[PDB]
Amino acid sequence: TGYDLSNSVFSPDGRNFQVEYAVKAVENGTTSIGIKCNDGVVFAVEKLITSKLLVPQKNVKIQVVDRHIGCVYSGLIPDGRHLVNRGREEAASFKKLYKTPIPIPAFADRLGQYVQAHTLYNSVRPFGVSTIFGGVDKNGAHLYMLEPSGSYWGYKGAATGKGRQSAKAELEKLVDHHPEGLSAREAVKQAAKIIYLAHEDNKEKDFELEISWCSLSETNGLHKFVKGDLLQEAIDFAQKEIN
Amino acid sequence: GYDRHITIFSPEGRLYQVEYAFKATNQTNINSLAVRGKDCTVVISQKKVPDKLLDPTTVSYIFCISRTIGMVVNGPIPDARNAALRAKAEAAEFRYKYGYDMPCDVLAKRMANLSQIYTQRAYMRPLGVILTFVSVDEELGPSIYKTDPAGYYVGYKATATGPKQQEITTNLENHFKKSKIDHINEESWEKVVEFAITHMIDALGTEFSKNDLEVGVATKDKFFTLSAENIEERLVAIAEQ
Amino acid sequence: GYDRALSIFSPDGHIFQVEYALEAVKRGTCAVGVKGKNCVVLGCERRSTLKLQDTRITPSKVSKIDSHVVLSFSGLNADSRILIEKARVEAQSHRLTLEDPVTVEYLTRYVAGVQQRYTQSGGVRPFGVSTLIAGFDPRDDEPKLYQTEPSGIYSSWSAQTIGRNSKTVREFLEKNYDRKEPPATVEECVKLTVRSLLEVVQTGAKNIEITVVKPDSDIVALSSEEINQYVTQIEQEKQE
Amino acid sequence: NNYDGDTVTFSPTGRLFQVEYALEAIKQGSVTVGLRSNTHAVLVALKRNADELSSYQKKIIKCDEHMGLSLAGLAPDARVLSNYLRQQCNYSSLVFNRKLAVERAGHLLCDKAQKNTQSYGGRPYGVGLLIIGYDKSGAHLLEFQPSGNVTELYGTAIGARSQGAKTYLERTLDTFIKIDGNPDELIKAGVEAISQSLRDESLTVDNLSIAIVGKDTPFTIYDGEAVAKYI
Amino acid sequence: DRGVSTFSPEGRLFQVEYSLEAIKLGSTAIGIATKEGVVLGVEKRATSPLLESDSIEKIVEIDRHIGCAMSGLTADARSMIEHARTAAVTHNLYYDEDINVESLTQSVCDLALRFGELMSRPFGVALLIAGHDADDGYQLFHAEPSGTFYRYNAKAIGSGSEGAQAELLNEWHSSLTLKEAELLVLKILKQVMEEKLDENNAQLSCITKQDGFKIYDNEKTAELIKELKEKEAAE
Amino acid sequence: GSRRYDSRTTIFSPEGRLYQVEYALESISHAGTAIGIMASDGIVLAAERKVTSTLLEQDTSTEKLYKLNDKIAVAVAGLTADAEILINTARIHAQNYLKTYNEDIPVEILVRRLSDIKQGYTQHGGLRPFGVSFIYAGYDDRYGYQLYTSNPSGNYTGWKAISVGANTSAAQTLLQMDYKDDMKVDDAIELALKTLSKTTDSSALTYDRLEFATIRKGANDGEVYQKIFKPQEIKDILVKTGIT
Amino acid sequence: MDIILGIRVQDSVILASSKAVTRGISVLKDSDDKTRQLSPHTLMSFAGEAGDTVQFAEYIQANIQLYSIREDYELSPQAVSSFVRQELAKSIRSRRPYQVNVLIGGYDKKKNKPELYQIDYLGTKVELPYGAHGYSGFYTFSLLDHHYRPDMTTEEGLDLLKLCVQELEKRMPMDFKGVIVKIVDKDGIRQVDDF
Amino acid sequence: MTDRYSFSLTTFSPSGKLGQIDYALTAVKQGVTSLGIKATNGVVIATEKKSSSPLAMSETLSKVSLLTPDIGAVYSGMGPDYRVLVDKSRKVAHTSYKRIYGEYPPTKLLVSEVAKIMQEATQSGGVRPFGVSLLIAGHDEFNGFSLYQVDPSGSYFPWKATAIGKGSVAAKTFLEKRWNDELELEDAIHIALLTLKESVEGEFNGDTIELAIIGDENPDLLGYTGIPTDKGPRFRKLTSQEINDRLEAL
Amino acid sequence: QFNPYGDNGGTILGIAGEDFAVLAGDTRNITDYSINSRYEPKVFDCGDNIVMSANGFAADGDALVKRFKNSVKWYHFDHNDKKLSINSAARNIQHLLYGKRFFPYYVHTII
Ligand SMILES: [Cl-]
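Residues numbered from 1 in each chain as written, not as in the entry; some residues may be left out. Chains lettered and ligands numbered in written order. Part of a larger assembly, values for the part shown. Heavy atoms only, no water.

- Method of determination, as annotated in the archive: X-ray crystallography, at 2.80 Å resolution.

**Notes on the overall build of chain D**
Here is step 1: Secondary structure assignment for chain D yields five helices and ten strands.
Here is step 2: Overall size of chain D, expressed as C-alpha extent along the three principal axes, is 50 × 50 × 35 Å.
Here is step 3: By the burial criterion, 60% of the 231 residues in chain D qualify as buried.
Here is step 4: Of all intrachain contacts in chain D linking residues separated by at least 6 positions in sequence, the fraction that spans at least 24 positions is 63%.
Here is step 5: For chain D, the exposed surface amounts to about 9,100 Å²; the carbon and sulfur share of it is 46%.
Here is step 6: Side chains of chain D carry 25 positive and 26 negative charges; the gap between the two charge centres is 4 Å. (Helix = DSSP H or I, 4+ residues; strand = E, 2+ residues; numbered from the N terminus. Buried < 20%, exposed > 50% of the residue type's maximum accessible area, 1.4 Å probe, protein only. Contact = heavy atoms within 4.5 Å. Areas by Shrake-Rupley, 256 points an atom, 1.4 Å probe, with all protein chains shown as cover. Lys, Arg positive; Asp, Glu negative; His and termini not counted. Charge placed at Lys NZ, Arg CZ, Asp CG, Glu CD.)

**Focus: the sheet that holds strand β8 (residues 155-158) of chain D**
All names here are of chain D.
Here is step 1: Read across the sheet, five strands follow the order β8-β1-β2-β9-β10 without closing on themselves; strand pairing throughout is antiparallel. With one partner strand each, in any of the chains shown, β8 and β10 (217-222) form the two edges of the open sheet. Going across the sheet, the axis of each strand differs from the next one's by a mean of 10°, ignoring polarity.
Here is step 2: Pairing geometry for strand β9 (residues 208-214) and β10, over four bridges, is antiparallel. By the bridge assignment for β10, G214 is matched with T217.
Here is step 3: Running at roughly 170° to β8, helix α4 (residues 162-176) makes contact with β1 (32-36) and β8 of the sheet. (Pairing = 2+ DSSP bridges. Axes fitted to C-alpha atoms, helices over the stretch in contact; angles between N-to-C directions.)

**Remarks on the pairing of strand β4 (residues 69-75) of chain C**
Residues and elements named next belong to chain C.
Here is step 1: Here β4 lies mainly inside the structure; seven of its seven residues are buried.
Here is step 2: Side chains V69, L71, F73 and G75 of β4 all project onto a buried face; the interleaved residues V70, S72 and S74 project onto the opposite face, where all are buried too.
Here is step 3: Bridge count between strand β3 (residues 63-64) and β4: two bridges; the pairing is antiparallel. Bridging from a neighbouring strand, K64 pairs with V70 of β4.
Here is step 4: Two successive antiparallel strands, β3 and β4, enclose a turn made up of four residues.
Here is step 5: Here β4 pairs with strand β5 (residues 129-135) via seven bridges, running antiparallel. For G75, the partnering residue across the bridge sits in β5 and is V129.

**So, the nonpolar core**
Here is step 1: With 76 residues, the main nonpolar core has A:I33, A:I211, B:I65 and B:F133 as its most contacted residues.
Here is step 2: The element that contributes the greatest number of residues to this core is helix α5 (residues 184-198) of chain A, accounting for nine residues.
Here is step 3: A:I33 has contacts with A:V42, A:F43, A:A44, A:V72, A:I132, A:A158, A:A159, A:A167, A:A191, A:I194 and A:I195, leaving out every residue within four places of it along the chain. (Core = buried A, V, L, I, M, F, W, Y, C linked by side-chain atoms within 4.5 Å.)

**Some remarks on the arrangement of the chains**
Here is step 1: In this assembly 19 pairs of chains touch, with chains C and F having more contacts than any other pair.
Here is step 2: Separating chain B from chain E is a minimum C-alpha gap of 14 Å, and the two share no contact.
Here is step 3: Where chain A comes nearest to chain I, the C-alpha atoms are still 28 Å apart, and the two do not contact one another.

**Description of the interface of chain F and chain C**
For interface size, the figure often reported is the accessible area lost on association.
Here is step 1: Chain F puts 41 residues into the contact, and the matching count from chain C is 31 residues.
Here is step 2: Of all residues in chain F, F:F12, F:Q123 and F:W159 bury the most surface against chain C, accounting for 23% of the area lost on that side.
Here is step 3: Applying the counting criterion to the chain F and chain C interface returns two salt bridges.
Here is step 4: Two residues, F:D6 and C:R4, come together in a salt bridge whose shortest N-O distance is 3.5 Å.
Here is step 5: Remark: the boundary between chain F and chain C carries 15 residue pairs in polar contact.
Here is step 6: For the side of chain F that touches chain C, the secondary structure elements donating two or more residues are α3 (107-123), β6 (144-150), β7 (156-159) and α4 (168-178) of chain F.
Here is step 7: Taken together, the residues of the side of chain F that touches chain C sort by class into 14 nonpolar, 18 polar and nine charged. (Buried area = accessible area lost by both parts, 1.4 Å probe. Salt bridge = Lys/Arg side-chain N within 4 Å of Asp/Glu carboxyl O. Polar contact = N/O pair within 3.5 Å; in protein donor to acceptor, adjacent residues only side chain to side chain. Nonpolar A, V, L, I, M, F, W, Y, C, P; charged D, E, K, R; others polar.)

**What about helix α5 (residues 183-195) of chain D?**
Residue and element names in this part refer to chain D.
Here is step 1: For α5, which comprises 13 residues, the first-to-last C-alpha distance of 19 Å matches the rise-based estimate of 18 Å (1.5 Å per residue) to within 8%.
Here is step 2: Residues of α5 that are buried: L186, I187, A189, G190, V191, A193 and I194.
Here is step 3: Tucked into the core, α5 has its buried residues touching β1, β2 (40-46), α4 and β9. (Expected span 1.5 Å × (residues − 1).)

**Concerning the pattern of salt bridges**
Here is step 1: Across all of its chains, the model carries 91 salt bridges over all chains by this definition.
Here is step 2: The closest approach of N and O atoms between E:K226 and E:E230, which form a salt bridge, is 4.0 Å. Here E:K226 and its partner E:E230 are both found in helix α6 (residues 218-233), four residues apart, which amounts to about one turn of the helix.
Here is step 3: In this structure, G:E87 and G:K90 form a salt bridge, with 3.0 Å as the shortest nitrogen-oxygen distance. One end of the pair, G:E87, and the other, G:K90, are both in helix α2 (residues 77-91), three residues apart, so they sit about a helical turn from each other.

**Topic: the packing of helix α4 (residues 166-176) of chain C against helix α5 (residues 186-198) of chain C**
Residues and elements named next belong to chain C.
Here is step 1: Remark: α4 packs on α5, axes separated minimally by 8 Å, with the N-to-C direction vectors making an angle of 140°. In this view, α4 runs oblique relative to α5, as classed from their interaxial angle. At the point where α4 passes α5, the crossing takes the right-handed sense. Note on element contacts: α5 touches α4 through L192, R195 and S196, opposite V169, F172, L173 and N176.
Here is step 2: Taken together, the residues that form the contact of α4 with α5 break down as four nonpolar, two polar and one charged. (Parallel < 35°, antiparallel > 145°, perpendicular 65-115°, else oblique. Left-handed = near helix turned anticlockwise from the far one by under 90°.)

**Considerations on α4(F)**
All names here are of chain F.
Here is step 1: Among the residues of α4, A171, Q172, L174 and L175 are the ones counted as buried. The buried residues of α4 occupy one face: seen down the axis, they fall within an arc of 165°. Facing away from the buried side of α4 by more than 90 degrees, the exposed set consists of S169 and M177.
Here is step 2: Residues of α4 that are buried sit in contact with β1 (34-39), β7, β8 (161-164) and α5 (185-199). (Arc of directions from axis to C-beta.)

**Describing the packing of aromatic side chains**
Here is step 1: Per the counting criterion, the structure on display carries 46 aromatic pairs over all chains.
Here is step 2: Geometrically, the ring pair formed by B:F94 and B:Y100 is edge-to-face, given 5.2 Å between the ring centres and 85° between the ring planes.
Here is step 3: Centre to centre, the rings of B:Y145 and B:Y153 are 6.4 Å apart; their planes meet at 35°, and the pair counts as tilted. B:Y153 carries the same exposure label as B:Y145, and that label is buried.
Here is step 4: Residue placement shows F:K227 over the ring face of F:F229; its charged tip is 4.8 Å from the ring centre.
Here is step 5: Over the ring of I:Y105 we find I:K100; its NZ or CZ atom is 5.3 Å from the centre of that ring. (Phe/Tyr/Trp six-rings, centres within 6.5 Å; stacked < 30°, edge-to-face > 60°. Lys NZ or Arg CZ within 6 Å of the ring centre and 35° of its normal.)

**Considerations on the sheet that holds strand β4 (residues 65-68) of chain H**
To summarise the sheet geometry, strands pair through backbone hydrogen bonds and adopt either a parallel or an antiparallel arrangement.
All names here are of chain H.
Here is step 1: Strand order in the open sheet formed by five strands is β4-β5-β6-β7-β8, and the pairing between neighbours is antiparallel. At either end of the open sheet lies a strand with only one pairing partner, and these are β4 and β8 (156-158). Sheet twist, expressed as the average angle between the axes of neighbouring strands with direction ignored, equals 25°.
Here is step 2: The pairing of strand β6 (residues 132-140) with strand β7 (residues 144-150) spans seven bridges and is antiparallel. Among the inter-strand pairings, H139 is bridged to a residue of β7, identified as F145.
Here is step 3: Strands in contact with helix α2 (residues 79-101) are β4, β5 (71-77) and β6; relative to β4, the strand with the most contacts, it is inclined by about 25°.
Here is step 4: Of the strands in this sheet, β4, β5, β6, β7 and β8 touch helix α3 (residues 107-120), which is tilted by about 160° from β6.

Okay, here's the thing in structure tokens:
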């Protein structure tokens, strides 16, 4: 054996064990989700409060790319930031040459090809993050989830991290109960509920909720963080459902 | 035994990394099939969407490389999309440099040459994919050309790829033994698609709904993929006969 | 470019590639340098498992770096050519910019620096060579003898030997060389050098090379007969 | 074990051992403390000597007039990273006539450390940093780990026995956060914090190092007889 | 094998730690700082009696106000000295002044960690950098291949270091004269040296504000050796 | 990274030898024997082809003996492909010297440079050495007739008579026995063929398993001629000395 | 710079080179030696652009001396001249060409013959019985066409050279402050002190 | 990133072997049999077209390739390696010869260039050797007809006739009995077909056999007229029909 | 053709006493026959009790002052907050200016 000691080496199965090992780093991370809605997308993430000394609201994890795309990830946080920095470079050069802001599917493949490139050589390490991201373009709303291997798909709902299975089950109920569609304001509330429900798998430390959204009607197609009254309203909705 | 980790020869003259890349090909558990008509080339592939949370419209292994060339991939999607982007770029450059559309077989050779390099150069791994290129070439007519991680490529009368490829291959062989010709003797592409689905059903022994399949069709001057309703229309026609 | 760090530290603080380069020097043919009151003599062993040699054209063991400085060595022959070439180029470059030939110390310091650079550069192995560098500074009559080694360290010697069985000939020189009274003449210095090689060599035939460097670019290589006379004279005094 | 030869290798449970070993160098380092109010931010550092004949290794470095850090671990790595911060602060001033936000300073350090954890040949930085500053949104304290993780805090501590000071600050949180417009009291709280990490040794005059930045105070370091006030 | 810039599980760089072992094999070098000057002394340690000891150069001038002693793989020091001299002279060219001893030391220590897969390995030599400047007066620095430098009142490096350092711990006080320091270096060198100390196998030097950096003659050191033996017999 | 798969071709053994050079010499010891003999009025080059097949085209073939310029030739022992790389470099080097100085290159200068290239592959670059040993036979107006040999280490030496490749130990003893200084070319031709005939691993030495060449001043007045022997000429010279 | 002459006779090559170094309206020096010894039996004189001349001469000198030490052998005058030509032929298509004209006087010890080569800054080489660079040639070539014989002695060559210097001192516009004369023969290079 | 493999992947073992070259020759041994026979007025090169599937069109896969109008190549071993070698070989005939001398290279020199490319894959950083042996047949004005074998090492040998691959040992012995120095091109084609039948197992016809010749100039294959000195390619690929015609009088 | 230089006019003046020094300059900034600003200062406090003016082409003047101010900042960072003496500042400014010897700062500098 020794097939797992080097990146880009195929095992006799046809697997790249180093990527599968990066997936273990993702599974170890905190829970993050994405909900696609009528005219946009909603992102939410669990922020474990390690200590009282952490300043609330001041260790922001959701990141914006361009002015219309939001990105959140679970796993090695620095790796996620590297991916977003690239995403921003990719989006800037697209807008430079083509004038129009980068479409979400186009942006999804830019990240995909870049992450896939880090599975081609033994001189680089795969990314230790699964990234949920999306936004609104000329063809409406799109939600994506990208994994260490470079694999990504479009999603109605997406989840990753330590509470992914709990969150997935909760996402599937929403898809079944709302075939016509979920509204942006509803999806924000649901996102809060699901992060609280997915927190059961990480319940030693209590946490801080962080939500963002893009909606054609509610945010004018731009990425905005959910703060203040709308955030507290979403927190309360979640608190009522766990009891 | 580091001769199994990089693309150097083993004592018996083999390249294990190339061999293991072939095994990665079936990792998706999807079977694909390509046939030729008089006027067209039809490629079909299974579409398995296990997760209910997936957007089914974004799950695809068929790619539109150029206006005339289509490509279906057997293998993991990251390597599949890697191959697709390169193929698109190569076909675009060819047209700019040489003043005419890149033929299906030339693109196949070029992608096969790139694959060969990864089998010889150490720092680059092979892609765990098998690429099936389809078109109606303006010189050669309906064309199917297929590439693998070894860098091998060849033209086909028809072909199949995937875990249950051998069953589909012999099924097609037996038909062409019977028909005595190199193609499907049919006027419309609609019935060549129907033939493709019919013979996949027989070989695999499974029934398909409109969402269990994925169909690409190449005609003169365009390659296009079918919608769920285009396939449903096609499934109804088979059932009513 | 090939980058690998080949010369690295081991847990005990040794650089094995440098130390193994010293083993290559230990394998090489013996070389000795002895400086007198008014001269330096470089003596060199030549192994006799090679008969049918052509001594006219075969690379000589002692090389002129400039008209006033010479360099002998022990170790890998191919390696030594690279050091000699670089030294000869620096010799001409020094004359060009300073308008004065190199001092023996300076030339030695340069050669040692090259050797050191090959012990902490990526992609290269150290030189399997130690050198004896002898001569006279411009407008100076004081004899100079220096030694370098693969690590890059260099130093001045009244008399020194390198190569195989060099520990035996160093032993001889340590009791037979008086610091208070160095070989007063050319004859005395050549004899002491030949004597020291005869402790290790075998036959004093075509096994010993002797080169004498005197002040003001006065360098000459002795022929077989000239050396053989020293061999003959030493043996007759020995039977006593 | 078999997966700690370099930073480019993941372990089967998804760990980066070279990064973890770099983290270990910080744990061996001498204790340093960081804490802030709404008006000032304060660093306190215990300095370490080789023996009684040697000087005491300096732990605190100035980055700009409004920013600076303290170090625990490999000091040369802190010199590289502090120099990078000095340039980034400087670029912001020369090009935009803008003082670099302490938050951006953190994001920049995160991304510089990260690149050293994903490529062959390199190594992670072997030092932890506590960055304090005062910018357009008031006082700040950051904790830098060479894994890339940067965290904004009211107070913290890194180094050997840092857990004592970190527990103390966690208890004292409600008190020291409201020490506004009083430098000497915020320092006293930090000096009391670092005292919870001492064993057999006590704070002397050439042992203690204190830094402060705030609303009407440039980043300034105190050593020698200037810290005698606080012992 | 393994990367050159690899960390051990205890959080230390293998290659830096191993180079520290090479320095322990080196010949002893001692430095003592006083308010009248800094003294630098070294054990020459000739490998053979035929080697002309005055060609052994382990104490070296960097500038008129800065001197340097070495221990370990001394061939590794040449480029460090070359850099130091250039740094010192370059600063004088750019600023029309003497460069601070600490700034010099920091510049030399910047080279140290510039190895990996830059040079192929760390330096196998430790330096004692002694000098004077107007701001901080007489200073002694110990520069390691780790990139770290400590200021010292007194410091020994090399094979006899841990024994000599313990001796320096007892003997040093803040009122030592230059003459007292000279004798102290000789005394401690004679203790830790293998062969018997004399003017040929040990070398002294000092840096003073007035006369700058000076390596002593063998005649001058011989009299200090004689003065030392007489004083130890005198009680 | 890629460190895992690095053979480290340019390192020392604990004994102070270069692994790859030693192993390349071991490779060369299985190659067909080549002999050079220097006489007072010319030089002989004789080499044995590696086990021949009857369907091999013998006349349009070159394996052992190559021409560097009009005054210098080489006998090869080792990998042919490696040797041709070095031969083309040598050929270019000779033309560079001629272009610079308007004089044909002195033999030793060419030999030194080719040997210096080999040396480089043993000290830096991480590449395998050239698995080749040369016998150089040439003439210039300084030293007249000269024989040299170089090997993968980049070390070269001068000879009156020398062998490379297989059975050098036995071949050298035989040459050392019958060689004398006043020897003529035609005597050297005979010695060369007699030595190969006794050291060969084949049943009997025939024309189709030999390459042969002479460098004489046997042109017309004070000038040197290279003669690469044709198949029929080797057949004749083999009969003339009574080997067949 | 300005005046450099060369005459090849039976057994030697004689080079005469002007002693003046003029910049603007000032003769800065009247004892300048516009020559370098490349090897024991090869001498090169030079004239042209300020700085370029000596820089080139010394660069060639270093290369020939390097060759001598490497091979323990002296290059023939023909070989040295070809090396120098190629350096100038390279130079002329450089970003900044060497503006230097040279004469190379040598004694070939293998042939036992004197040899004189004239090479200009373009790299134009010719072997000649007598040579000159610059405006000097306009007077000396015709003079030497008349008085030169191929079998002359060194003494006859010096008298023939006196005749050239006299003509140049009579008809040339500038004061070139006389010449330094050097002889290249079987015994090497020596300087005539009283000219 | 970037190719960090700047070191040799083929190195000498203690016994003196070059492992990767040996193993490449092993790959050639597994390869399908190909052969070449030199006649007085031409050369024939032949091989079996091993079909991967009956649905595959074996006409689209050419094992025998034109390099220049007067030079052709065939191989045994790894197809993909051969394909790229043909691309490189065709280009080098132009870049390092035709663009300099205005004419095509003689066989021995083109062969020499291919051999160089294969030698470099044996010594350069981060590459394995090519897993093929080539048989190159060609004609040029001053050397006439010639046939060369190029091995993974980069070594090349001129042959009167030879075979490489699967059943080369038996095929070479067969050729030794049949070859003489008076063979006419048609006699060599006949012997080529006989020798190949021994190593072929399944179908033996013009669709399963690939065969080309280097013979007379073909003015009909030139594509233009008007230049007397240009007379057409000597390389010609025999058609499926042309092979079957000769298999009846076998 | 683009001319990268301009002339912003104005004049400056420096006088040194026994225990003081003055550096004066007018505040007018011009191009051609137009006034750009009646109050645009060009004499600056650069720290360490050094005042500096670079008069001529204002874009070069500002660039130089900006670079020297920055040089003072880094001198502190690199040499333990040591004060930059006026003689050392002068030598540093020589190198700033001569660094652009073949594309000069079009200014007369006084400190
Ligand atoms: Cl290609």
